[PDB]
Amino acid sequence: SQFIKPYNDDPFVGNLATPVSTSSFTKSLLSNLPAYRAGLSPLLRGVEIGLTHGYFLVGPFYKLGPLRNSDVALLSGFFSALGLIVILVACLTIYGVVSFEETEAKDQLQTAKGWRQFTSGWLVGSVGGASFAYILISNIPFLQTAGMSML
Amino acid sequence: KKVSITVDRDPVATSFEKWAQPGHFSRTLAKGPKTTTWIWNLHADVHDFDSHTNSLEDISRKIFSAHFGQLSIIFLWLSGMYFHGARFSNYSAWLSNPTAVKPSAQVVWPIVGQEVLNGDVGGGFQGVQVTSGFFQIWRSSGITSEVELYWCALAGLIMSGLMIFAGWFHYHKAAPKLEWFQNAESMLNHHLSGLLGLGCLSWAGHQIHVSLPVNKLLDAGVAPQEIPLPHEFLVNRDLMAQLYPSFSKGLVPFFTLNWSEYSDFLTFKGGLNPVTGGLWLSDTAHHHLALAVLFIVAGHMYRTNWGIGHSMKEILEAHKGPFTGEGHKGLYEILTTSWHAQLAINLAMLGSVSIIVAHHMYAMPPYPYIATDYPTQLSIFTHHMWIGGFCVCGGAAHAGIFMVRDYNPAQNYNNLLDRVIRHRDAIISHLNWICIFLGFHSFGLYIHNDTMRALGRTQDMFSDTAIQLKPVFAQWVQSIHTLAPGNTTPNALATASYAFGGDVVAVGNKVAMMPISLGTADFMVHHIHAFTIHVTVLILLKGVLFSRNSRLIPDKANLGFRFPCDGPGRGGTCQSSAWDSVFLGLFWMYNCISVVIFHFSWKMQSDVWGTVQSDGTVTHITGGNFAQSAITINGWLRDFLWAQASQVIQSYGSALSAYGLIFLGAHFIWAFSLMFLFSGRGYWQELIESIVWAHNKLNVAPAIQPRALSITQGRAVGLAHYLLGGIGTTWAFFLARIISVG
Amino acid sequence: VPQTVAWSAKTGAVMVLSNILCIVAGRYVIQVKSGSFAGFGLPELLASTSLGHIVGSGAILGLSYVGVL
Amino acid sequence: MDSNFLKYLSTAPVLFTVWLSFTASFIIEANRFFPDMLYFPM
Amino acid sequence: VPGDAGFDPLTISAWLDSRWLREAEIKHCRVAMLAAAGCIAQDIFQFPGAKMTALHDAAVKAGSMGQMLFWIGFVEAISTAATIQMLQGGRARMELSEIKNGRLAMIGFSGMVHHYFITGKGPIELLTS
Amino acid sequence: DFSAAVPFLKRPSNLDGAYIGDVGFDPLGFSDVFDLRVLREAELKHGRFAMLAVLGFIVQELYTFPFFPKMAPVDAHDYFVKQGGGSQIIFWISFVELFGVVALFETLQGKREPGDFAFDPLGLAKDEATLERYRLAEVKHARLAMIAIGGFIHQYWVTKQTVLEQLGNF
Ligand code: CLA
Ligand code: CLA
Ligand code: CLA
Ligand code: CLA
Ligand SMILES: CC1=C(C#C/C(C)=C/C=C/C(C)=C/C=C/C=C(C)/C=C/C=C(\C)C#CC2=C(C)C[C@@H](O)CC2(C)C)C(C)(C)C[C@H](O)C1
Ligand SMILES: CC1=C(C#C/C(C)=C/C=C/C(C)=C/C=C/C=C(C)/C=C/C=C(C)/C=C/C2=C(C)CCCC2(C)C)C(C)(C)C[C@H](O)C1
Ligand SMILES: CC1=C(C/C=C(\C)CCC[C@H](C)CCC[C@H](C)CCCC(C)C)C(=O)c2ccccc2C1=O
């Protein structure tokens with residue numbers, strides 16, 4: 001019984017098939033994740049990744065930011081998350097411009113049109129996820145605290 | 001009887017002929033120098049025995065006799081420490097008043113005004129204050145006389161003569177054959193049972209019969225010359241039974257297994273002796289007796305000549321699972337045919353043990369009156385941290401030498417080494433990521449705190465008064481060790497160390513040991529430690545794993561362990577050898593150990609060491625400034641280096657002026673190293689060309705053509721001066737600081 | 001301090017039992033050497049009684065600790 | 001005395017250490033009997 | 001070869017040199033013979049101006065045992081040279097007689113010293129009482 | 001095969017009876033390790049020092065020079081440590097031992113017998129046969145005097161009486 005094998009049945013490729021790299025659980029998770037999901041539009045891939053990332057960005061800026069002790073902590077945290085989203089979406093845009101030569105096909109992220117659709121989805125998702133985090137934290141007192149509301 | 005003694009008789013002739021021909025040991029160097037590089041190449045490769053000879057037998061013989069020469073040097077060194085204690089010390093004065101007299105076993109001659117170094121250490125004595133802790137060792141041994149120190153000096157001298165004789169005898173008269181050295185089972189049986197086990201058993205016996213009665217009489221208050229001589233405890237069993245009434249029954253309780261009779265002198269007290277601030281010697285006697293039994297029992301594990309025992313080859317070849325291929329197959333063949341593989345393991349272990357020694361010896365002070373002799377505590381911690389770090393980097397040095405030279409892929413197919421080399425990119429990339437993560441999240445917290453404190457934002461810092469990074473796991477383990485007596489160590493009376501919590505132990509109104517509370521500053525400096533250890537591992541591991549080949553240089557093993565580069569091509573392959581990762585990792589070891597000894601020095605002065613005032617208040621040496629100032633780099637600069645360097649800078653005209661001189665001299669040597677580190681050989685060779693011209697002009701050119709040092713030697717000289725300069729700076733700073741204030 | 005006792009025939013019983021237990025165990029588990037009359041040498045006996053004294057002493061000290069004696 | 005032991009004592013490190021120890025030794029002795037010589041006395 | 005009753009039940013001779021074992025047996029024999037003859041002699045008569053084990057303890061204070069140890073140690077150092085060399089490299093009846101009498105003296109002295117632990121009496125005293 | 005002195009011990013390989021006074025006595029095997037020439041140099045030097053010292057004791061109790069105080073020989077060691085005459089004797093012994101170092105180098109180079117200083121002013125050695133007889137006597141006296149001086153000093157340390165007075169008393 002050997003749990004580590006050469007990657008893709010190619011010994012000289014620079015990878016090793018391992019339980020962490022090539023278990024069915026790892027393969028299922030990667031395929032399930034939006035970036036590698038089959039049947040998913042590049043814009044939709046960006047929306048799902050963006051909603052996730054924008055949602056969790058608000059919390060560190062809100063809880064640990066300069067204006068954390070102020071009553072405007074959530075607004076500052078959302079604005080800081082939003083500013084980070086705008087900087088990152090600029091990074092996505094410039095990477096797309098330089099990396100990919102313009103081609104007609106848009107069905108893949110690794111295309112100029114596909115990365116532009118991905119960046120579009122990521123911005124919409126990230127602003128929406130950040131907004132969703134803002135709405136939820138504002139409405140729920142427990143989220144406003146660090147979990148010490150029960151205490 | 002396949003384990004047998006086999007020796008070649010009269011192998012090598014004892015002649016001075018090869019002494020008179022420097023370089024005799026290698027074919028390259030034996031034809032004589034033509035350039036000055038030969039001179040350096042002589043010393044650089046002398047102990048590299050497996051670079052001179054092909055045969056493992058002659059290599060092993062040279063190593064065995066060189067180990068006897070080293071033991072002869074250690075015994076001569078010990079004999080000198082005992083003689084300087086007997087003749088040039090205030091040991092007898094220190095025995096009467098251990099808390100006021102300062103240990104001193106070195107007296108200087110009056111020559112150029114240097115007799116100012118004979119400072120007033122106390123006891124009607126002038127000499128250099130010594131911090132090696134020998135006085136506390138000798139009091140723990142029960143010496144109580146300078147005559148007995150002369151007898152120990154003679155015993156060391158006799159042992160030094162016997163080891164230098166044994167090295168000569170075992171190289172030149174009766175040198176063992178290779179099949180003698182390749183008895184790892186026999187050697188382990190004897191070094192566990194005989195060396196460590198009878199070493200502990202004999203030392204426990206000495207402690208029970210000499211250290212325990214003499215130190216009970218010393219702590220009762222009896223003056224050293226009123227104490228009976230150590231053999232009078234051996235004969236007068238009645239007199240020994242006065243101090244320990246269990247001696248009235250003799251060895252019947254031992255053999256009848258009635259061991260609870262021996263609880264008078266074999267205790268499990270824990271904690272410290274209130275009189276001396278050291279470990280209870282009854283605990284130390286029981287400790288060494290228990291270690292002796294397990295070490296002797298352990299040395300019966302391996303099979304030698306009678307069918308009982310383990311074959312280590314069988315143990316290793318049976319340990320293989322589904323992740324690890326053939327497993328530990330082939331490792332026994334490695335470790336009985338490669339000396340470097342053994343030295344890599346044993347140096348990493350000896351360094352780890354020396355590091356363990358420094359932590360355990362400060363926390364649980366093992367000698368009487370060593371805890372309140374703060375120069376000794378700081379000195380032996382700092383010393384064993386440096387010996388530990390150096391030996392750990394030499395473990396990686398000889399792991400690199402093994403990989404370059406003794407590694408054979410044919411005998412190492414699909415075993416643990418093959419699999420590590422076959423995923424070394426994953427190992428080094430994950431180690432690289434953890435070092436970046438941990439430099440950001442330990443030192444960047446310091447940069448955050450520097451920035452916030454500089455910006456006036458004290459509420460935005462990582463501190464105990466602000467955002468609290470508490471070490472909850474370390475505090476919890478401290479809680480467990482304070483609750484352990486009577487709960488999870490029920491027969492213990494006190495804690496293993498008062499560092500975990502509990503009482504303040506004071507001796508002569510100075511704190512012997514007291515709880516070391518951990519806060520945000522301790523969290524930050526421990527993650528600094530985890531970061532610096534991780535990066536030193538990354539450089540040393542990256543050198544071991546990439547010693548034979550890379551994607552950069554596919555044939556690095558053909559260039560050797562120690563080569564400077566493979567040219568300016570491929571972008572530049574400067575410092576591509578395994579040697580150059582030992583070279584780069586000794587700097588990061590220096591960085592790691594320097595922060596460890598700085599953390600120890602500041603934390604012990606700030607939160608442990610000091611004077612016990614009335615009502616049990618402890619006024620510490622630097623007054624508890626660690627908690628709010630070791631969180632910023634400016635605090636380390638200001639409240640640790642600047643504040644405590646006062647003693648070295650202001651030492652001139654006193655007995656500590658030698659430390660001020662070594663402080664400046666080592667700053668000089670450290671800076672002088674950077675000439676060798678930042679420069680390259682080609683500059684110095686062209687400069688030497690102009691100097692050679694000036695010699696040629698006066699017809700005074702040497703016949704051994706001067707060369708700039710090799711690229712590797714320029715690196716080695718830079719590193720050696722850097723380590724000497726940095727460590728000597730810290731040595732002078734630590735010693736003048738703690739001799740003045742502690 | 002754990003309660004130990006002076007030597008009695010019960011201590012002798014524990015030592016003897018542990019020694020015989022290890023003689024039989026050594027006949028079964030020692031890999032390199034008529035259940036006891038095949039290949040039984042002095043080393044095998046010496047090793048098994050060595051463990052019998054180790055096991056016996058551990059057993060005596062523990063049974064004295066817990067009260068069984 | 002053995003010619004190979006004398007050829008060993010003629011080696012560069014032995015002569016260097018002996019000569020600079022002899023040199024150091026008469027600097028030490030001259031500064032012992034006649035210390036504090038900041039100047040040529042005249 | 002002398003004193004061979006075929007008595008090696010634990011087979012010590014299989015796992016230690018018969019020369020070292022015979023040297024140990026003969027040295028133990030002789031020492032025990034001197035010791036047993038000594039035990040009875042101390043009770044029978046005392047050299048002018050002068051216990052199985054306690055008398056040893058008194059003698060070490062007087063230095064009588066210490067002088068005997070030093071001189072026996074010198075002879076024994078020469079004997080160590082002899083044992084190493086032997087390992088490296090009428091009369092027949094007398095060798096068997098010496099071995100049997102020495103074995104009897106080993107048991108004899110062993111009995112005398114345990115008799116001393118029991119009744120605190122010398123071997124002649126044990127016969128007398 | 002075996003030693004003349006110790007019947008049960010084998011004769012040391014390096015002891016072939018070439019040195020006079022040899023009886024094969026070397027159990028600890030010092031001749032198997034070290035040069036016998038050097039060891040006979042040392043044996044004769046230790047013995048000659050011991051013979052001069054045993055005559056030194058006996059004459060020093062019987063007579064002492066009028067300019068020196070009357071006292072015991074170990075007390076004489078300490079007095080001449082503090083007086084200066086010990087340093088005199090040590091200097092002149094050391095001076096002679098310089099040429100003794102040269103002499104031992106001559107022995108190691110094969111060109112001198114280990115105890116020969118060609119010191120025969122009174123011509124007592126006539127031919128080779130009497131020289132061999134005297135030489136065996138010299139080594140026997142040398143060894144006997146080494147044991148004797150140790151006895152004289154140790155007996156003085158235990159009982160504070162000189163050798164002639166210790167024979168006279170008790
Ligand atoms: C091994 C550890 C050790 C150390 C570090 C020291 C260190 C010291 N000792 Mg101690 N000592 C030791 C062992 C040690 N000793 C032992 C084992 C003994 C017993 C014999 C002594 C007995 C002793 C006495 C009695 C005294 C010292 C003194 C001293 C001090 C000065 C010594 C000096 O200047 O010599 C310099 C002497 C020279 C002859 C100069 C050396 C120059 C030559 C060329 C050395 C070269 C070596 C050579 C080249 C090597 C190659 C050999 C050759 C064949 C090529 C110094 C602090 C003195 C002291 O403390 O006074 C207060 C003092 O009086 N020592
Ligand atoms: C029980 C027997 C025994 C003991 C005590 C030792 C002890 C030692 N061996 Mg080992 N060795 C043994 C058996 C033993 N060996 C066997 C059977 C083999 C063959 C497989 C080897 C093969 C071997 C090699 C190849 C090497 C050693 C080395 C060493 C030294 C390690 C350095 C050290 O810590 O020394 C310091 C500790 C000491 C205690 C120093 C004391 C020195 C003596 C020799 C110890 C024993 C003295 C004596 C037995 C005590 C009598 C007690 C009396 C007063 C009552 C150490 C002296 C290494 C070394 O350094 O070589 C010299 C080394 O390279 N040994
Ligand atoms: C038990 C410990 C041990 C042993 C047996 C060895 C043995 C060996 N090592 Mg290893 N090594 C060790 C510890 C050890 N080392 C440690 C602790 C380190 C980390 C520093 C290293 C790092 C290391 C490297 C990087 C290399 C070796 C090499 C070698 C080999 C030859 C070295 C030689 O000829 O130098 C002869 C000795 C010298 C040149 C001495 C000079 C060293 C310094 C500069 C002197 C120190 C002076 C003093 C301490 C401070 C100065 C004071 C000043 C004020 C006067 C030999 C196999 C080399 C080799 O050839 O590989 C096979 C090699 O490349 N080792
Ligand atoms: C104080 C000087 C210094 C600093 C800052 C570094 C920094 C670093 N060294 Mg180097 N090194 C130094 C001296 C220094 N070294 C010296 C003197 C030697 C002599 C031999 C070496 C030899 C050496 C080797 C051989 C190795 C390193 C490694 C590392 C890295 C450790 C990983 C890490 O902590 O990442 C975190 C980064 C830092 C701690 C840098 C400080 C950044 C702070 C936290 C704030 C960041 C500022 C921020 C970016 C501002 C952005 C805005 C601005 C751009 C406008 C890191 C890049 C290792 C490496 O690269 O592998 C991981 C490695 O293997 N170093
Ligand atoms: C101070 C002073 C003066 C003086 C003086 C002087 C200079 C005195 C010089 C004294 C000397 C040099 C004494 C030499 C002693 C040597 C001995 C006893 C050797 C023992 C070896 C043995 C038994 C052996 C052996 C071995 C052999 C061979 C073979 C081996 O395998 C085995 C073995 C180890 C057993 C005097 C006294 C005049 C008075 C004056 O007022 C003050
Ligand atoms: C400290 C100091 C002093 C001094 C001093 C000096 C010079 C001290 C010298 C001490 C000496 C020479 C001791 C050696 C004695 C000989 C022995 C023990 C051999 C015995 C024979 C044996 C064991 C066996 C013999 C054998 C037997 C069985 C019989 C046959 C033969 C053999 C087989 C060989 C002073 C005076 C300067 C004063 C000052 O205060 C400093
Ligand atoms: C100064 C310097 C030189 C020149 C240094 C030389 C030629 C060393 C010569 C120094 C003299 C000749 C001997 C040194 C003696 C010292 C006083 C003490 C030395 C102690 C040990 C050597 C025994 C290089 O060759 C070099 C090469 C590569 C990188 C950096 C450098 C570098 O910095």
# chains A, B, ... in the order shown; residues from 1 in each chain; ligands from 1

call {"tool": "residues_around", "arguments": {"residues": "residue 32 (chain D)", "least_positions_apart": "2", "cutoff": "9 Å", "atoms": "only C-alpha atoms", "output": "JSON, numbers by chain"}}
result
{"B": [110, 111, 112], "D": [27, 28, 29, 30, 34, 35]}

call {"tool": "residues_near_ligand", "arguments": {"ligand": "ligand 4", "cutoff": "7 Å", "atoms": "only C-alpha atoms and all ligand atoms", "output": "ChimeraX atom specification"}}
result
/B:432-433,435-440,443-444,447,535,538-539,584-585,587-588

call {"tool": "write_last_selection", "arguments": {"atoms": "N, CA and C atoms", "output": "mmCIF file, in the first residue's frame"}}
result
data_model
loop_
_atom_site.group_PDB
_atom_site.id
_atom_site.type_symbol
_atom_site.label_atom_id
_atom_site.label_comp_id
_atom_site.auth_asym_id
_atom_site.auth_seq_id
_atom_site.Cartn_x
_atom_site.Cartn_y
_atom_site.Cartn_z
ATOM 1 N N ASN B 432 9.873 28.215 3.636
ATOM 2 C CA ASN B 432 10.016 29.600 3.198
ATOM 3 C C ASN B 432 8.767 30.413 3.501
ATOM 4 N N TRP B 433 7.585 29.839 3.248
ATOM 5 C CA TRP B 433 6.338 30.535 3.544
ATOM 6 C C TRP B 433 6.162 30.753 5.036
ATOM 7 N N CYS B 435 8.462 31.019 7.285
ATOM 8 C CA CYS B 435 9.404 32.044 7.728
ATOM 9 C C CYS B 435 8.965 33.444 7.326
ATOM 10 N N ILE B 436 8.363 33.600 6.143
ATOM 11 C CA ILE B 436 7.827 34.910 5.761
ATOM 12 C C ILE B 436 6.625 35.284 6.623
ATOM 13 N N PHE B 437 5.707 34.327 6.836
ATOM 14 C CA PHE B 437 4.542 34.528 7.699
ATOM 15 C C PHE B 437 4.956 34.898 9.107
ATOM 16 N N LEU B 438 6.024 34.302 9.593
ATOM 17 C CA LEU B 438 6.387 34.448 10.981
ATOM 18 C C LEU B 438 7.330 35.613 11.195
ATOM 19 N N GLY B 439 7.966 36.113 10.148
ATOM 20 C CA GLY B 439 8.666 37.372 10.247
ATOM 21 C C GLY B 439 7.741 38.540 10.168
ATOM 22 N N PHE B 440 6.715 38.399 9.341
ATOM 23 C CA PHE B 440 5.675 39.408 9.317
ATOM 24 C C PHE B 440 4.916 39.443 10.638
ATOM 25 N N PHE B 443 7.990 40.121 13.955
ATOM 26 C CA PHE B 443 8.720 41.379 13.890
ATOM 27 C C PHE B 443 7.856 42.521 13.385
ATOM 28 N N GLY B 444 6.859 42.233 12.555
ATOM 29 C CA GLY B 444 5.957 43.278 12.128
ATOM 30 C C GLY B 444 5.054 43.765 13.228
ATOM 31 N N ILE B 447 7.189 46.367 14.610
ATOM 32 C CA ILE B 447 7.166 47.552 13.755
ATOM 33 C C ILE B 447 5.854 48.301 13.908
ATOM 34 N N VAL B 535 13.957 30.248 10.370
ATOM 35 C CA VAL B 535 14.792 30.734 9.231
ATOM 36 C C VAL B 535 16.155 30.040 9.279
ATOM 37 N N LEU B 538 15.597 26.886 7.802
ATOM 38 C CA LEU B 538 15.383 26.978 6.336
ATOM 39 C C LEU B 538 16.738 27.046 5.632
ATOM 40 N N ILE B 539 17.653 27.885 6.116
ATOM 41 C CA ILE B 539 18.962 28.039 5.418
ATOM 42 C C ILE B 539 19.720 26.716 5.504
ATOM 43 N N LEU B 584 25.747 30.974 5.772
ATOM 44 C CA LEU B 584 24.636 31.902 5.936
ATOM 45 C C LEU B 584 23.765 31.572 7.133
ATOM 46 N N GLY B 585 23.697 30.307 7.536
ATOM 47 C CA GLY B 585 22.905 29.929 8.681
ATOM 48 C C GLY B 585 23.599 30.128 9.998
ATOM 49 N N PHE B 587 25.094 32.957 10.634
ATOM 50 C CA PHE B 587 24.636 34.316 10.915
ATOM 51 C C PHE B 587 23.243 34.318 11.515
ATOM 52 N N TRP B 588 22.352 33.502 10.980
ATOM 53 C CA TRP B 588 21.000 33.450 11.502
ATOM 54 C C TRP B 588 20.914 32.699 12.814
#

call {"tool": "residues_around", "arguments": {"residues": "region 473-485 of chain B", "least_positions_apart": "2", "cutoff": "7 Å", "atoms": "only C-alpha atoms", "output": "ChimeraX atom specification"}}
result
/B:471,487-490,492-495,500-502,518

call {"tool": "residues_near_ligand", "arguments": {"ligand": "ligand 5", "cutoff": "8 Å", "atoms": "only C-alpha atoms and all ligand atoms", "output": "mmCIF file with N, CA and C atoms, in the first residue's frame"}}
result
data_model
loop_
_atom_site.group_PDB
_atom_site.id
_atom_site.type_symbol
_atom_site.label_atom_id
_atom_site.label_comp_id
_atom_site.auth_asym_id
_atom_site.auth_seq_id
_atom_site.Cartn_x
_atom_site.Cartn_y
_atom_site.Cartn_z
ATOM 1 N N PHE E 74 49.596 -5.617 45.488
ATOM 2 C CA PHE E 74 50.809 -5.697 44.668
ATOM 3 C C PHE E 74 50.975 -7.088 44.047
ATOM 4 N N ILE E 78 50.596 -8.339 39.858
ATOM 5 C CA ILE E 78 51.449 -9.323 39.124
ATOM 6 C C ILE E 78 50.558 -10.491 38.680
ATOM 7 N N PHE F 25 61.835 -9.034 34.851
ATOM 8 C CA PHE F 25 60.743 -8.477 35.638
ATOM 9 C C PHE F 25 60.227 -7.203 34.982
ATOM 10 N N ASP F 26 59.125 -7.327 34.248
ATOM 11 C CA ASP F 26 58.353 -6.203 33.725
ATOM 12 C C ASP F 26 56.911 -6.658 33.503
ATOM 13 N N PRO F 27 56.107 -6.854 34.578
ATOM 14 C CA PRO F 27 54.723 -7.312 34.387
ATOM 15 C C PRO F 27 53.823 -6.289 33.706
ATOM 16 N N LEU F 28 53.875 -5.024 34.137
ATOM 17 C CA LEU F 28 53.067 -3.947 33.567
ATOM 18 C C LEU F 28 53.415 -3.594 32.123
ATOM 19 N N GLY F 29 54.487 -4.146 31.560
ATOM 20 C CA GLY F 29 54.790 -3.985 30.148
ATOM 21 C C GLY F 29 55.218 -2.598 29.729
ATOM 22 N N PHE F 30 56.066 -1.947 30.520
ATOM 23 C CA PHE F 30 56.557 -0.624 30.166
ATOM 24 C C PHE F 30 57.598 -0.676 29.061
ATOM 25 N N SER F 31 58.286 -1.803 28.900
ATOM 26 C CA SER F 31 59.265 -1.943 27.832
ATOM 27 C C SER F 31 58.629 -2.282 26.496
ATOM 28 N N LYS F 45 69.592 6.817 36.799
ATOM 29 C CA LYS F 45 69.603 8.176 37.339
ATOM 30 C C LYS F 45 68.839 8.268 38.660
ATOM 31 N N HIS F 46 67.635 7.672 38.724
ATOM 32 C CA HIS F 46 66.878 7.578 39.974
ATOM 33 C C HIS F 46 67.665 6.835 41.039
ATOM 34 N N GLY F 47 68.331 5.748 40.650
ATOM 35 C CA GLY F 47 69.092 4.973 41.605
ATOM 36 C C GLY F 47 70.329 5.678 42.115
ATOM 37 N N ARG F 48 71.035 6.392 41.240
ATOM 38 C CA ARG F 48 72.211 7.138 41.667
ATOM 39 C C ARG F 48 71.830 8.289 42.587
ATOM 40 N N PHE F 49 70.708 8.965 42.295
ATOM 41 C CA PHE F 49 70.168 9.969 43.210
ATOM 42 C C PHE F 49 69.812 9.356 44.555
ATOM 43 N N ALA F 50 69.186 8.180 44.536
ATOM 44 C CA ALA F 50 68.789 7.500 45.763
ATOM 45 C C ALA F 50 69.986 7.012 46.573
ATOM 46 N N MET F 51 71.020 6.495 45.908
ATOM 47 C CA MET F 51 72.223 6.045 46.605
ATOM 48 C C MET F 51 72.955 7.215 47.255
ATOM 49 N N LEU F 52 73.091 8.326 46.521
ATOM 50 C CA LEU F 52 73.677 9.524 47.102
ATOM 51 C C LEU F 52 72.844 10.052 48.251
ATOM 52 N N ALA F 53 71.528 9.909 48.173
ATOM 53 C CA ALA F 53 70.668 10.369 49.250
ATOM 54 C C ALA F 53 70.721 9.480 50.486
ATOM 55 N N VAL F 54 70.816 8.157 50.322
ATOM 56 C CA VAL F 54 70.877 7.283 51.497
ATOM 57 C C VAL F 54 72.197 7.476 52.239
ATOM 58 N N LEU F 55 73.308 7.621 51.493
ATOM 59 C CA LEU F 55 74.549 8.073 52.116
ATOM 60 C C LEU F 55 74.405 9.486 52.676
ATOM 61 N N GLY F 56 73.564 10.304 52.036
ATOM 62 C CA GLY F 56 73.284 11.643 52.516
ATOM 63 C C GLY F 56 72.644 11.691 53.878
ATOM 64 N N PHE F 57 71.577 10.902 54.073
ATOM 65 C CA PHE F 57 70.977 10.683 55.389
ATOM 66 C C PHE F 57 72.019 10.291 56.413
ATOM 67 N N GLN F 60 74.648 12.722 57.286
ATOM 68 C CA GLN F 60 74.092 13.937 57.891
ATOM 69 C C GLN F 60 73.661 13.752 59.334
ATOM 70 N N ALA F 72 67.762 17.697 61.249
ATOM 71 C CA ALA F 72 67.296 16.500 60.576
ATOM 72 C C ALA F 72 67.257 16.730 59.066
ATOM 73 N N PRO F 73 67.438 15.667 58.264
ATOM 74 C CA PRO F 73 67.507 15.835 56.798
ATOM 75 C C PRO F 73 66.274 16.427 56.108
ATOM 76 N N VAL F 74 65.058 16.124 56.557
ATOM 77 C CA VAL F 74 63.881 16.752 55.952
ATOM 78 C C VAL F 74 63.792 18.229 56.345
ATOM 79 N N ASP F 75 64.103 18.529 57.612
ATOM 80 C CA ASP F 75 64.311 19.907 58.039
ATOM 81 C C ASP F 75 65.441 20.571 57.272
ATOM 82 N N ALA F 76 66.457 19.798 56.875
ATOM 83 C CA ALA F 76 67.500 20.341 56.018
ATOM 84 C C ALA F 76 66.953 20.708 54.652
ATOM 85 N N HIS F 77 66.043 19.892 54.093
ATOM 86 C CA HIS F 77 65.402 20.258 52.826
ATOM 87 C C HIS F 77 64.710 21.604 52.937
ATOM 88 N N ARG F 143 68.592 0.006 42.767
ATOM 89 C CA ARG F 143 67.223 -0.408 43.067
ATOM 90 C C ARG F 143 66.983 -0.507 44.571
ATOM 91 N N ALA F 145 68.639 1.063 46.953
ATOM 92 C CA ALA F 145 68.655 2.395 47.534
ATOM 93 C C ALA F 145 67.401 3.188 47.212
ATOM 94 N N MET F 146 66.751 2.898 46.084
ATOM 95 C CA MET F 146 65.473 3.591 45.770
ATOM 96 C C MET F 146 64.440 3.185 46.821
ATOM 97 N N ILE F 147 64.331 1.885 47.093
ATOM 98 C CA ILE F 147 63.406 1.398 48.158
ATOM 99 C C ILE F 147 63.870 1.966 49.504
ATOM 100 N N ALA F 148 65.176 1.938 49.782
ATOM 101 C CA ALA F 148 65.670 2.373 51.111
ATOM 102 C C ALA F 148 65.351 3.848 51.373
ATOM 103 N N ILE F 149 65.575 4.743 50.405
ATOM 104 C CA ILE F 149 65.346 6.195 50.688
ATOM 105 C C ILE F 149 63.857 6.422 50.949
ATOM 106 N N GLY F 150 62.991 5.730 50.205
ATOM 107 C CA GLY F 150 61.546 5.865 50.442
ATOM 108 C C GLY F 150 61.238 5.437 51.858
ATOM 109 N N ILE F 153 62.558 8.286 54.456
ATOM 110 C CA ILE F 153 61.720 9.522 54.503
ATOM 111 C C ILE F 153 60.340 9.189 55.085
#

call {"tool": "residues_near_ligand", "arguments": {"ligand": "ligand 1", "cutoff": "7 Å", "atoms": "only C-alpha atoms and all ligand atoms", "output": "number ranges by chain"}}
result
B: 76-81, 83-84, 88, 106-109, 157; D: 9, 14, 17-18, 21

call {"tool": "select_by_dssp", "arguments": {"residues": "chain A", "states": "helix (DSSP H, G or I)", "output": "MDAnalysis selection string"}}
result
chainID A and resid 7:9 19:22 24:32 34:36 42:64 73:99 112:139 141:144

call {"tool": "atom_distance", "arguments": {"atom1": "CA of residue 20 (chain B)", "atom2": "CA of residue 165 (chain B)"}}
result
21.7 Å

call {"tool": "residues_near_ligand", "arguments": {"ligand": "ligand 3", "cutoff": "6 Å", "atoms": "only C-alpha atoms and all ligand atoms", "output": "PyMOL selection string"}}
result
chain B and resi 43-48+390-391+393-394+397+401+562+579+582+720
